[PDB]
Structure formats: structure tokens, C-alpha cells
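Note that the chains are named A, B, C, D, E, F, G, H and I in the order they appear, and that numbering of residues resets to 1 at the start of each chain.
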């Protein structure tokens, strides 16, 4: 919690180097769908990749993924689900995504301003479609900054997927063409017709290596 | 952190003021006809929703402000400002004086520049409202906790260039179309800027919709 | 609680070296059921290794073992039993193992983010039957990460058993054959063994004559 | 920060007193007629509303004071002073003695010069009070927490020059018009100053008129 | 400090275990029909009231233990142990198992080896007792917070010599005069008859009592 | 709050050096009564040194002065007055001086044993006469120690007055003669001393007025 | 012995000794000489009262304190540390007498005093006490009971000790000519002789006698 | 109903073994006399308050006995029990108690109220039929009794209280405290 | 029932030794007169409040006597006991008390209420039969008495309260201020 003479906090940039060493996670937003997915590397042969979880469902309508460490973004996911259900208990209403990412990012700020507390080494990308307009995607940086994005990806191969989505973007795709785009840049999707965040079961992924 | 140098200057506060010098360029101008403040929106990556990213925040229906420097420090400070404003309006059923809003904001900045295990804020604020009677109102919060009321300032990377341009030719009163023109000229496309104005006739501030911004580009 | 310029927390990696210096503990999952066991090395002739304990029973259907230090994973075992019995008082239901390992791992995270607190130097391996979704094994790292495993082993000879289970881990095993596999992976009665079976959904630790005869087999 | 040097002096307190030496020049004079205290308002930028900047603060209707050094430290210290004064007037329904106001102010300064993770205040205060039915008394607060009651002092950048000027031509009995003349002469200039006076006939403290400020500035 | 060395070992815990190595010699033996534990009482000054200084403490009617290392750390730890025992007996109206007593003692030791501004305990304990029926039980508390239940151990300056002597001749069969004899022969100034403190728990009447000053003389004379 | 190898606390001795740099304050206790006074040096010719205060009245029977810093002994004077009036609210009785100096000195100890707290840099010289037996006079050291004294003086010229009172002490004396002795032990002008005395005949304490201490200070 | 580990107090040196506790025991070595003897016929403890300034109340200063009508004690080292510790001792004694309406055992008084010393030698932002106490009382049903409190928190019950500047000289004198079969006029003589090897009326003396179970001063 | 009789030899306690809530007997075997080492207490009132006071006092007797090197005196345990009753004056332990023991000062018998008042008396009764039973004691008490004659007096007085009190009834235990045997 | 009589030579206190809850006597020997230090107190009401006030006051008398190096006066102990009664106004110590001692100012006798009001009188009674007993005192009293004649006045007045109050009787203790003689 000390300023360098240029004004940059070095521990925040070091935590952003920790998410650069994370696995590759992806989030793409179109005018007709949210798709976000995450790579599941297999370090050991005894590890059941099909049993490890990285896509988490915040609400009926919101899911998000993390990169970097696991445990920092996981206790942050419990706070996110708790804040969402508290807003839904009070107003009996789905939660705006600017407010979820607000209070998440404010917690990240509170751990980047006090002495005997390490900052979070986890970046989040949040995709919700319960708004009356279209979808909304945000990214949380360990400094506490918002950047709303059309499509990003962070991790080890984050810059390669970032430049691929810079190459061939489009505003108007299917659910099927935007999940194709995220697979090409390397799963959970939210669609605007039925306002929910569906998780694909174990069969449908066998479609996508084939198709 | 909380130690005086032998000259008497706090080095961490000046280092935090260097952090707002590395911020984006934000502008605030205050004329005898009303209030215009706007902020640059630079695009670092070709995938930002720049039309959705926010730097102009509305504190009350008659006072609002922009930040420069870090985002999160001035953002939790924006929640405290809105909470203090709505608390005063719950008690008195009255709009809030801006000396009191900037007072309690600046007192929080002081409290984090006097205690040991707390980093100071790395954000400067510029606040513009109308209240009731003092139509042209503008203040600036420094991370030391000082007030300076200004007619027109700008801070950020090109803050000194806009400061010297606004130092140039500018008189006391002119129409709001001419003071929003002055702020656009002080920033040197259509949605790289986001602009908010408060007018003295109807004591409020709607924001510019992007359609009126497109009308202010080509003329 | 400080990041190195690469981004790695050095104190967490030092605690994972502390569990590398621990005793060898094993956990295997087959479709037949749950087997986990732990080595009991005898440093002194006067140690009551017959009375020392490393397999702990969280509930009637969840048991786990630790490696690394003793006291850190033991106070962590008191928190696990308290969270389990609290869930069973609320819902009158057995507890999901993702939630047990969740709150254990969240405690490990909370001690890897605050200043005047040392992190835990203990890794856990948790086995149970839960519902009816075949087996369910997780491992807790002192960073707070989950890794669910079919079969792992950590300790001094952890990598040797890891590569042995890499060689001959087979899906169509008996419960008698998966306890055989863990004994083979550990390379007379200085080992204590506990198994959970899917037919009667409960945990059992092996008595003296049980593990004695099974060792005299293979 | 909370450590004694072997001679016995606290170095952080003297460094904070160097910070008030870098402050603006503020003046306070007391005479048989009453109380005059004023403060220089230097203009660092042409964008500054010098008419809007405030440095003379009114603690109660019979007690006013000014600060030098930092702004925010003496400003949060001014909020504590106003709260203690209004609490005494809520309890006793009586105007407050200045030895007790400056007492509790100075005790706060001491409490922040004895605890570990707290920076001391970098602000000196000069307080002018007529009390009730008594000659006005002026007290100055040092960041160590010491009192010194003064007939006339001035602290800031040109504090020593005004101190030696008031050493030359100050006495005990003269007018309110002549002591405001004396304080203006001690500050060395057309209109950049705040002046406040308390007079013994009607026991109250007032502020700028801008009518008598120009008129008395010409003499 | 509460910081982890690159090998993974906590150095202050090993330094605290060196502090109990500098303690006086205390002994605990657990054999098939009861409990004997005793402690050496070395006389550093002629003016010491040695036969009035205390190192054997009675936790419950059936649990007695001794400490080595510092005095005050294991002594405030003895007050917490007695408080936890009497609290369990107020709740359940039952004698206390020693795994739970040593558990909460050891959990306190762990809690002081994980927090910043707290020094760890520099005292090791050896706890004995008759529990409730069955057979006897003996545990040892390490300043890391680890349990090791032992048949017979001894820690202090001559702890390793007593460890190797009890390694030599640990007779399975326990007697009422041979289990106290083995501890008297595992201690090594010639031995005084009023400068060593002995306490035993026996399985026939499930209780614990220190030996009287006359019983010390009559037992130490057979050697 | 760190002990040195020899066993001395260095910050306490540094605080006692801070009171050695204080102004000269005096306290004398004889068979006649109690007199304590304090020097009032004038650093600037615009000070209201006639309005500055160093003699404080704890109760109508007991007063004291400080040396060293001002603010530390001033918040310590507020605690002393609060403890005295609390004892008089409970027992409706004047307070023994060993108990006043006790709790003051215990506060000094409590700030010389905790980490993030600076010790007090002020020495006190209390002295009341409410006891029915004889008068009392004690001194508080920043370590928290008592020393009861017949007559002492501490400050810049503390050792010079200490050796003067060692020269010509009379245990039996006059109250006019013991205030005479303290003035001689300090050496001033009309406005350079505050004097307060407590007398055993009418059991009360009072600081002197400007044209009463002056008429006695001419005599020397 | 490695002496870089003198920071704060909550830190073990590599030999295992706490240096700040031993430094606090050096502070009581710089204290005044205090003496305590117990024989069979009762209790004598006394303390030297050195006069640093001719204007000092040698007869007005106090160092012998009466904890209860049956127990007195003296301190050496600093004054204020053993004085706030004397306030805790009197409060605990009167609390025991309010509960049980019974005189207090001296093992329990010195117990709770010494436990306070331990609690200030185990927490971070607290300096340890730089005062040693010697406690003498005879309200028990047996005979006298002398204890000494060390800043580590240790008990040592003694027949007769003395600590301070001339503590070792009086320690060797009482090593020369002490014996139990002796009475109260002769044991107060012995303590005066043990202070002489290191004066008009510049010593505080207090004795407790076994016939009338009370403690008095001189 | 509970009766204590003070003899020159030792204190004798005896009480009922009947509990009835309302007009209905729930139990013919409810122990109202309890042993505490050398000491013994017995009272009347709510059973749960009496049982928890036997258990609390048993714990704190062990507290005093483990710390100090002296066994407990009956006056000290009585003042302790008076303070335990007195701290909870807002929610009083609804139970009148008889405390009986033998110290080196001699035999001691004690009466305790739910507020916590301590009374020394030779002979006492406590509870519903105590009025009746003290009548028998007031007829035939002398200071010079034997232990077993006071047993027979306690049986006579308790039997009178059984025949003439609706809240008492059959089931009598007797605790004879001489110093050698409890 | 408890009676204090102020003489030139000292203060005489006397009270009952009978406790009855309801209409039934629990004890014929309940001490209601207590001797603390250089003086004595005696009151009526609930026994447990009186006993805990004797014990609390005994502790704090020793508190004042140890920490202020002098002995204690009766006005000071009375003002202390008035504050101790007054802090617990929400849950009042249900007991009216008589406080008696001798100071250098002279003999002093004091009346205390459960709220904590301090009254200094010459002769007083407290409790059930106090009405009856003060009647006897209001007949025969004089300012010029002796200590043992005031004992006989206290025996006569308490005996009247024995015969006419269904709350007092049996024996009566006496403290003269210190001798105590039970007749």
C-alpha cells in the first residue's frame, strides 16, 4: 500500500502478472447472446478434468469465470452470490450487472488500500442477460477498475485470443456462431430469448469437436 | 506513509498527485450562465464498449462530478458522496450545498492521510452543481484534502495544455452552447468524449445523449 | 502476504514443500468405492504407533487424511466436523463434499490473505460417498485450490506412488482390488486403512485383523 | 514518529512546525477595543475564485479563528472545535471560555503526538474570543499541543516579518479602526485578504463587508 | 517469526523445542496396569525450598501431568487444562477423556504458532491418566501442537539417556512396585530422598495422587 | 518498550532528559507548610505571560506544577482532577495524596509498557496539606516512580536550586520564610514567576495574586 | 549464543532463551537490595533505603507493602511495574476473601501474580515487567511460605534470599550462617547482618510471626 | 421436605424422595439428598435447580481443592454457595437448601435461601412439610444426642411430615456424617 | 427490629435474632448485628442483602485502610455505603440499616434506606416492630445517658417490640461502642 514515484502500485501490477499466468478464460458478447468458456488443462493423468469447476453461476441469469488463483476469486464468488441473493431478497428483482461488478470491485479496492491485507490475484469476467435491453459483459481487474467489453480473454494465451477476436468480430451472430467464435479463439452460454444462463451438459461438448 | 519530511511536505501525497497526473484528461468549466464538465475516453484496446464505460457520475439531481487518476479510489469515494448527499436530503428535505459535499469528501481524504496502515487516495475530483442561488459552482478535491474553487480547470495527461488553453481567451458570461464549445476546444471523435452540463434555468443536469454530441461535432 | 514480481506467493509454495516432507498418504477412487490410507512410520521404539491416528472420520459417510504438519490439519479437522454437523442439524441431510472442501479451502484462503497469520502447512485428501454419483475425491492445497482426483498420493514418496498409479490405474476394479492397489502403491501393521463403500453408504476404518490378513494376501 | 531524540526533542513535531512555516501568512491582534485577525489569500492561478476561498472560520458568534499550514488538518480540527463549542452551549446555555475550547483542541493535538500509527497535525491555529464581559483573549495552538496567549502574532511564510513589524509599533490601547490598520500594515496588494474582527461593545464576531474592507485598505 | 522457511520448517517451533531440551528431566511411563510419571528437582541454590516446589500438577481426580521447559508457559497452560476439564465435568457429569484434554491444550499451542504478535509456548507436557476403565493412557504435547501417545518417554536435559534406558528394558508386565522402579532407574549429585517428585495413577482404584514425603524415602531406598 | 542489556529503558531516560530541558519549577515542604512555584521565562515580548498558567489546583487543598512538555502534563492534570473529584463524590472526603500520585503514576507506567504509545515527557511535583497529620509533597518520574521529598526543583537550573536547598534547609521554618527560601533558590521581574502556597492552619491551597506575590518578591 | 534476536520480546533466540526477560532481570539487579528470611519461628523481610539526595524522605518512602493482614512483600528493580503488580495482588486477595471468607494461600497469590507476568511475556505490543517480588506470609495452617517471582513468571520458594545491587553479597553471607532452629529476634538480626556485608534509620523491616497470625512493620 | 439435625458427634440429613407437579405425582423416586466429598446437601423446591447446584458446587469444590493445598471448610463452601445464589438474584434458583458438614471447628449446619442468606442453626427443616417436621423437632431436640438417636428423630419427624403433608410422601434416605465415615 | 442509641460516651446498637418467612419461623438464631472494624452495623429486612453488605463494606473498609495509610471515619463509610446502595437503584438492596461508630468529632449514628439516603439522628429503630420500639425510646430518652443505662433502655424497648410485633422476639444482640454482651 505504498506509491511508487511515478504513482503506480507495484503489488497490483504483480497481481495482474499472476492472472497472466492463469488458465485461458474467454467471454464474448454479441447483440443476441452471451457465451463464456474456460480452458481446462490436464496437468496429471489422475486429475478428472471433467470434474473440476471454473464456470460459476451467480444468479438464475448471471454466470462468470475467473483466472489467476482459484481461492481468491472463489471467496469472491461467495460474496457475489451473497450480494445477488440479498438484492433479490429485498427487491424481488434480478440484479443489475453494474451493481454486482460494483460491489465485487469495491471489495478488491478495499484489499488494495489497507496495510496487512494482500490484494486479490484474480480477474473476473461476468456475463448476464436479465436486463431489458441486450447483454452486458464486464471484467474486474485487481486494481478495482471496470472495463465493459464486447469480447475479451485473459490467461496465458490471452493475448493470442485477444488478437484473434480483433481479427474476425461481428455484431450479429447466432448463439451457435458466437460459441463457434469463442472455440476458434481458444462452456456456458446465456441467451436473450429465454432470459437464463444455461450450462451445457457432458454430451453437447461432443458436438463441438465434431462440428 | 505518515511521516513528515524535514521541509514539511508529505511525499506520499505528492506521489498520489503524480498518480492523477497519469490519469485521463477530465475538464470542468464554470461560467456565469451555467456548468459544463466532460471527460476524455481513450481506447486502449479495440474491444472496449467505450459507449458504455462511465466516468461522469451523478451525485444528486443538482450536483455531479468526474474523477481522474485511479478508478476504484474515486469510485468508492463517489458512493460515500452520494450517501452523504441523500442523508442530508433525508434530514432537511433540501438540496445540498456543495461546500458541504466537498467538505465531507475532502475530510475523508484527510482521514486517510493521517492514519498509519491506510494508503491515501490517488484520485482528484472536480465537482459541479447549482444548489440554489449560486448558479456557477465548481470545486476540486486534492488528495491532500485541500479545496480550490475554480472558474475552469482540467487535470490529467494533457491537463496543463488544457489549463493554458483555458488560461487564454475566456470571459465571464456566455451561453451554454459556447461554454461546452470551450471545453471541447480545450480537449483539442464523436464518442471519445462524454459530456455533462448543468443549466441555471431548470436547476438540474441531464447528461448529453450521444445524438446531441453528434450535433456538437459538425458545425 | 506479498506478491513476487512473477506473481507467485512464496510462503504458500514453502508450505507445499512442508507437506512434501510429510508422511505418505493415499486416496484412490474406483467405481467399486472409496479407499484412503496413510503410512505410519515409527521413529522411536517407544512410540505407541498402535494408538496414533491419521485417518479421521468427518461423518458416517466422509473420511479424510492429512499430510504435512499435524496440528494445522487437526484444528482444520475440528472446523470440518463442526461445519458438517451444522449442515446436518439444519437440513437433516448428509453434506455435499464440494461444500465441505469449499469451506475448508475458504479458511485456507483467509489465512493466505491476511498479514499477521501464517498459512496452513497441511494438505488434505477427502473421500466419501455423498449421494449416488459413484465416487467423490478432492484434495486441498494450502493456496486454497481444489483438485478432484481419481487417485493421488502426497508425502515423501508421493511422486513414486503417483507414477505407480499412473501405470496401472484401472476402472474395473473390485473394492478388494482397489485396496490392493493402494497397498501396492505404498510399496506389518504400521499402516492404517479406511474405506467407504457404495452398497452400504457408510465409512469404515479397518480393524487390526482386517488389514493384517489383507496385507498377508498381497 | 513516537520516539524521543537523545536531546529530548520530538523531530516530527518540529517538522510539522516547518510545514506551518510554509503556510500562508495569517495574523491576529488583540487590543482593548477588541479583536482583529486576518489572513493572506495568494493567487497561484488565474482560475482561482479568491472570493470563494475561505480561511476565516467562525466557531461561535463570539469566537473566530484562522489556520495556517495544511488546509485539511486544521479543517477537521475546526469541525471538532465547533462541535465542542455547541455541546457546551447545549449543556450550559452559555458562551464558551476560550481556554476550554483551545484546551480540547490542544488535547486532540497531543493525542495525535503520542500514539503510534497516527501522523501529528501540521496546522497552527490562532483564536480570537471576547468571552463574556471581559477583555478579548487570543490564543495560538502549536502542533505539539502547547498554548501561548499572545497580544499580537503572525505565522506563515512572512510570519517573522510581521512579527518584527508588530514588535516595532504595537501598544495596548487603540481603536478597532487602528488595529485593523495595524494588521494590514503588518501584512506589508490591492484586494486579496480575509479580515474578521470582534469588538467589545457588541460582543460578536463578523466577517468581510467588502465595503469597509476597501475603505480601510486605503488608509 | 510466524514465517515459513524454504524447506517448510518453522524455526521458532524447533527453537522452542530446544528450550524444552534445556528443561529439567521429566519422566512418564505407561504400562499394562497403570501410570507413573515423575520429575527431577535439581537444587541450584542451597536456599531453595526444594520439597515445597511443585512440578507434578493434578488436572482431574484421574489425570496428572508434568511439564518441562519454561515454568510459566506450561503453568498458564495447566490452568486452561483444569478449566476445560471441570467445564466438561459440569456439562456431562463424567470424567474426561485425555484425547480431548490434550486436544484443546494442543489446539491452544497451535493457535499461538499461527498468529503474528504472539510468542509460541516453550513448554512440552506429558499427560497421564486412568480415563474410565479399560487401561491407562499417556500423551505428550509438543510446542508445534502435535500429539504423540507413548508407552514411555522422558524429556529434559537427560531426556535422550532416559529414552535409551527405557528402550533397553521396557518390561511388558506392569506391577505396583516395578512400574515406579523402572522410572526410578531411568533417571540416570547422588539422589536425595526429599528432592524428587513422584505421582502415580493405578487402575484398581481409578485415581491419582502424589507420593507423600515418607513414601519417597521408603521407595528410593531399595535402589 | 524494549529492555536494554543493562536493564534500563532508554526512552524513559530520554523523557527525563526532556524534563531537564523544561523550565525551573520548585516545591518545598517544611515543618511550616507547603510552597511550590514555577519560573515563567519570556521568549517573546508579545506573550501574555500574565495569562499563561503552570500552577494548577487539583483540589481546594492540593496543587501542583509540571516541567518538561506542556501538553503531556496537561492531559495528566485533567486525569488527576477527575480522579480527585471522583473520590470526593464517592466518600465525600478529601483525597490522600499517595492515592492521587498513585493513579497518576500508574497511568505513566501504563504508557511505559505498551507498544504504540509514547511515554510521558513531564515530571510533576504535587503537594497538598489536607491530611490532619502533617503536610505532603511528592514527585512523579516518567518511569512511574515515587520519590517523596522535603524540597526539590527540576528543570534547566534544577541542579543549582537542588544544591542551594541542600545548603540552607531549615526543617522548622516560617511560611513567609519557606516562600523566601524558594525565591532565593530560583535566584526575574514582576511577571516572571507563579507562586502558590498551602498552609496548615486553614487547610486550603491558593496561588498568589499579582500585587501580593510582588510585595513579597521584592524582599528577597 | 546469538544476540541479534533482541527485537520486541516475542521472539526466541536460537539457544531458546528470551533475551528481554534476562534483560529485565538485569533491571532488578540494578534495583535496591531487598531481603527475605524465613526460619521456623516466623517471617522477616526487609529492604534497603538508600538516600540519593539529602532532600529525600527516607522515612516517608515506602517499599514494604501489606497485601493482606497476613501477607506482606517487597519488590526490587523498577517501582511502577511492581506497584501496579501490587495493586493486582491486593485486589485478588480481597476477592478471594470476599468469596470464601477465608485467608488466601500464598501459592495462589503468587500463582495469579506470576500468571500476569507470563501474559505480558507472551504478547507482542507489551513490555515485560522489570520487577522481581519476594512474598512472605503465615496465614496457612502449616508454617511460613516464602516465594519469589521472576519476570519470566517462574516460582522459586526460598528459605532466605536477597536480590538487588548487593544481592550476591547477602546471598553468600546467608549461605555462610543460616540455620532453621532459630527464633525471631535472631532472624531479624540475621537479615540486618546480611545487609551490613553489602545505618541510622534508613531501612524498612517487616515481620510476620506464627503465634499471632499477622504481619507488621517497623 | 428435608431435615438436618446437629449432634455433638455429627450432622444428620434426611429428606423425601417424592416429586409431584400440580396435584399429580410424576415420580416416587426423586433424589433430593446429595453427597459432596465429606460434605452433603439436601434441599426442596424445583428439582432442576437443586441438581445443577449440586453439580456446580461439586465442580467448584474440586476447583478450590486442586489449587490450594487445603481441603475445603464448610463455612467457605457455604459463603461460596451464598454468592452463587446471590449473583442470580434477577432469576433466582428457586430452592431452599440445607448445607451440612464437619470441620475442625466442629459440626456445622447451614440454611440457604434462593436469595442467598446464610443461617447457622442446630436443627432445621425446609420445604412444604417443614412446618410439621420442625414441630416434631421442637418437641424432642436436645443438644446432647447421639448420631443414631438423631437418625430415629429424623425418621419420626419425616414420618409425621409424610402423614400430614400432601407434597411429601414415602421414600426416605438418611446421610449420617461423622468424621470417619460418610 | 434494630435499635441504636446515641450517648455522650458512645453508641449502642441492638437487634433481633429471629427470621420468619411468611407466617413460619425458619430459624431462632439469625444474626442481624455485625461488627466490622472499629464500629458496627445492624439492620433489618432480607438477610442476604444485609450479609452481603457487611461483607462488601468489610472489604472496602480494608481497601481504604490499606491504600490511604490512615484509618477510616464514620461519615466517610456512611457516604460510601450510601453510594453502594444508590448505584443499585434498579435492583435495590432490600434492607434498612443502622450505622454506628465513634470518630474524633464524636459519637455518630446513621440511618440508611435501600435507595441510599443518609440520616444522622440520636435514637432510631428499623424494621417491623420499630414503631413499637421507638415509642419506648420516645418516652424515657435523654441526651445525657450512660452506656450501660442505654443498654437497659435498649433491652426495655426491644422487649416491648418482642411482646407486640409478630416478627421479632427470642434473643437480642447488643454492641456498645467495643463490648458485646448477650442478655
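Assume contacts are C-beta pairs under 8 Å (C-beta built on N, C-alpha and C of every residue); 3 or more make two chains touch, one makes a residue touch a chain.
In UniProt terms, the chains line up like this: A, B, C, D, E, F, G = Proteasome subunit alpha; H, I = Proteasome subunit beta.
*Asks:* Moving only from a chain to one it touches, give the least number of moves from chain G (Proteasome subunit alpha) to chain I (Proteasome subunit beta).
*Replies:* Each step joins two touching chains, and the minimum needed here is 1.
*Asks:* Looking at mean CA positions, which chain is nearest the middle of everything shown?
*Replies:* Answer for the innermost chain: G.
*Asks:* Farthest from chain D (Proteasome subunit alpha) in C-alpha centre terms, which chain would that be?
*Replies:* Chain centre farthest from chain D (Proteasome subunit alpha)'s centre: H.
*Asks:* Once you find the CA centre of chain D (Proteasome subunit alpha) and the CA centre of chain G (Proteasome subunit alpha), what distance in Å lies between them?
*Replies:* Chain centres of chain D (Proteasome subunit alpha) and chain G (Proteasome subunit alpha), defined by C-alpha means, are spaced 55 Å apart.
*Asks:* List the centre-to-centre spacing of chain A (Proteasome subunit alpha) and chain I (Proteasome subunit beta) in whole Å, with centres computed as mean CA coordinates.
*Replies:* 81
*Asks:* Between chain E (Proteasome subunit alpha) and chain H (Proteasome subunit beta), tell me the centre distance in angstrom, where each centre is the average of that chain's C-alpha atoms.
*Replies:* Computed from C-alpha means, the inter-chain centre distance equals 41 Å.
*Asks:* So which bits of chain I (Proteasome subunit beta) are touching at least two other chains?
*Replies:* Where chain I (Proteasome subunit beta) is concerned, no single residue meets two or more other chains.
*Asks:* Listing for chain G (Proteasome subunit alpha): what residues touch at least two other chains?
*Replies:* As it turns out, chain G (Proteasome subunit alpha) has residues touching two or more other chains at 9, 101, 107, 111, 124-125.
*Asks:* On the basis of the stated criterion, which chains touch which? Give every pair.
*Replies:* Here the touching pairs of chains are A-B, A-C, B-D, C-E, D-F, E-G, E-H, F-G, F-I, G-H, G-I, H-I.
*Asks:* Quick one: which bits of chain I (Proteasome subunit beta) touch chain F (Proteasome subunit alpha) in the complex? Just the residue numbers, please.
*Replies:* Touch residues, chain I (Proteasome subunit beta) against chain F (Proteasome subunit alpha): 64, 67-70, 73, 75-76, 79-80, 83.
*Asks:* Quick one: in the complex, what on chain A (Proteasome subunit alpha) touches chain C (Proteasome subunit alpha)?
*Replies:* 11, 14-21, 44-48, 51-53, 69-72, 74-75, 78, 111, 115-119, 121
*Asks:* State the interface residues of chain F (Proteasome subunit alpha) toward chain G (Proteasome subunit alpha) in the complex, per the touch definition above.
*Replies:* Within the complex, chain F (Proteasome subunit alpha) contacts chain G (Proteasome subunit alpha) at residues 1-9, 102, 105-106, 108-110, 112-116, 143-152, 162, 165-166, 169.
*Asks:* In their shared complex, at which residues does chain G (Proteasome subunit alpha) touch chain I (Proteasome subunit beta)?
*Replies:* So the residues of chain G (Proteasome subunit alpha) in touch with chain I (Proteasome subunit beta) come to 66, 69, 90, 94, 97-98, 101.
*Asks:* Along chain I (Proteasome subunit beta), where are the residues that touch chain G (Proteasome subunit alpha) in the complex?
*Replies:* Touching chain G (Proteasome subunit alpha) from chain I (Proteasome subunit beta) are residues 55-56, 59, 62-63, 66.
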